């Protein structure tokens, strides 16, 4: 069936297509490439919820003056270690990476710094930034909020964002890279189900009335559960409050501009960088410890203990080889936009 069909394509082809579409909107080539890399990396790593299905909305927001194609954001040092960034409606990854460049400069002096971003568009997959920090030998902690999509533990109304946090930590070779939504599932993933006419496992969501549902279209208008029960809720809510307080963005119930092309993006993002060299520990000792964990007694011998970031790396390597699978309707959509 059409809406359930897939195509497999070479990553380079999709990247080129994505860049050309961005560029048709006046987005600078370096920035176009970066926004495209964010989505392609998501696709390659098995996170299609934050991959190319995100693109048409950004393209639309650009065409409509809701997204600013050239700005890289405007940062002000409010204190020695605190960068306040007005995104100026810029593309998320462009504003994030610029904030990282600026905050990183200060780390030599400060050891710890934070950039608090408002008025920027959707960040996509936060692992991208956590990983970039880690590859530069830094500890990177990243947060972003969203439209109210998640109900509290014990509640059934959408009041909290999907609120991912990502943590990058330098290891020897491959960095420790943690990226997790505090919701039990992404709305992006639910949309993909709705799109393809698929049911969703029970427990993901409730409908608009608060009744448990397996219907993705119902779920779309409903609320998603937190992961890890009261603890995951605690964490999602902490993130919500930290982002608002520091970034000065809106709380979830007032948030739009990520899943629509009508309203200003008014969610927030936080980036915290830390220079491990200011610390008293040993990055190489971290490496040996992670190796130890990988070789420790598995519950299942066929499935060795993994470190956050292993799976994503294994999936990326395989997709770069075999190609990316995306829904045919999405491919036709981008293709129409191309022409």
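Residue numbers count along the first chain shown, from 1.
*Asks:* Given the B-factors recorded for C-alpha atoms, which segment has the greater mean, 226-234 or 196-204?
*Replies:* Comparing 196-204 with 226-234, the higher mean C-alpha B-factor belongs to 196-204.
*Asks:* Can you let me know which of the two, 312-320 or 19-27, has the higher average C-alpha B-factor in the entry?
*Replies:* Per the PDB entry, the higher value belongs to 312-320.
*Asks:* Could you say which of 150, 244, 95, 172 has its CA atom at the highest B factor, as listed in the PDB entry?
*Replies:* The record points to 172.
*Asks:* Using the entry's values, work out which of 156, 186, 121, 250 has the largest Cα B factor.
*Replies:* Out of 156, 186, 121, 250, the record gives the largest C-alpha B-factor to 186.
*Asks:* Looking at the C-alpha B-factor of residue 135, is it in the lowest, middle or highest third of its chain?
*Replies:* It belongs to the highest third of the chain when residues are ordered by C-alpha B-factor.
*Asks:* Considering only modelled residues of the same chain, in which third does the CA B-factor of residue 73 rank: lowest, middle or highest?
*Replies:* For residue 73, the deposited C-alpha B-factor lands in the middle third.
*Asks:* In terms of the CA temperature factor given in the entry, to which third of its chain does residue 161 belong: lowest, middle or highest?
*Replies:* Its C-alpha B-factor belongs to the lowest third of this chain's values.
*Asks:* Relative to the other modelled residues in the chain, which third contains the C-alpha temperature factor of residue 304: lowest, middle or highest?
*Replies:* Ranked within chain, residue 304 CA B lands in the highest tercile.
*Asks:* Within this chain, which third does the Cα B-factor at residue 84 fall in: lowest, middle or highest?
*Replies:* It belongs to the lowest third of the chain when residues are ordered by C-alpha B-factor.
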